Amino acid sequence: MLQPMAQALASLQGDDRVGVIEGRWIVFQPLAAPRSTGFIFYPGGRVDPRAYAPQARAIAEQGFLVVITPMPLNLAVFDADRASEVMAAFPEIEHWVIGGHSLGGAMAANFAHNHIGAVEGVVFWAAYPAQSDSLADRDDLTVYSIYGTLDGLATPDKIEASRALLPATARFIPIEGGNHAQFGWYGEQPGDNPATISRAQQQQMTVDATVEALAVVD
């Protein structure tokens, strides 16, 4: 898997507003006024889950539980539905949003498609549902699709065409100048284009848009 950058590793530590637990999942617990909406996050395929610690920490600082949930060890753990065990572990959460980066987002869309009512929203980072996972008529769902306009792996053209698989009320959020790789803190990535905004700016906009989605659900 693509390896976490130093700044990822620092994020795994507990600042004053956010506690972190590294176990079967990576858990980011708002220590202060915890909201009642949680975010289950699926990593990119072959990105080390730790690479997204800075994004998850920043989301939690705004009061939302974030559970980064690694790919299953075994194939019986379709339940892609590694989300259900997460939901068992935090019974106090009243509303679940799922999402992911890249292939992870596809997998999140898949869970949402196949388990009606187990989530209230889906957040994509540089991702889109498969043909078979259309959420086009799933009007119960709050859907956000955040994309980098310079992403070389999931181009804006492909993101935009995924409108026909998402509810009419889906919110598409352009990060102008952003790329595929800056949705986490790992390498550059083959296939991808150079960003014209720093990781810092790209993170911020990724965080603000995700938080908006979680707040809309909350």
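A residue's number is simply how far along the shown sequence it sits, counting from 1.
- The question of which stretch, 26-34 or 54-62, has the higher mean Cα B factor is settled in favour of 26-34.
- In this crystal structure, the stretch out of 184-192 and 35-43 whose C-alpha atoms carry the higher mean B factor is 184-192.
- Residue-level inspection of the entry shows that, of 110, 142, 84, 145, 84 has the top Cα B-factor.
- Note on 98, 116, 77, 89: the highest value goes to 77, judged by CA B factor as recorded.
- Sorting the modelled residues of the chain by their CA temperature factor places residue 71 in the highest third.
- In the PDB entry, residue 171 places in the middle third of its chain by CA B-factor.
- Per the PDB record, residue ranking by Cα B-factor puts residue 207 in the middle third of the chain.
- When the modelled residues of the chain are ordered by C-alpha B-factor, residue 160 sits in the middle third.
- Looking at the C-alpha B-factors along this chain, the one for residue 131 belongs to the highest third.
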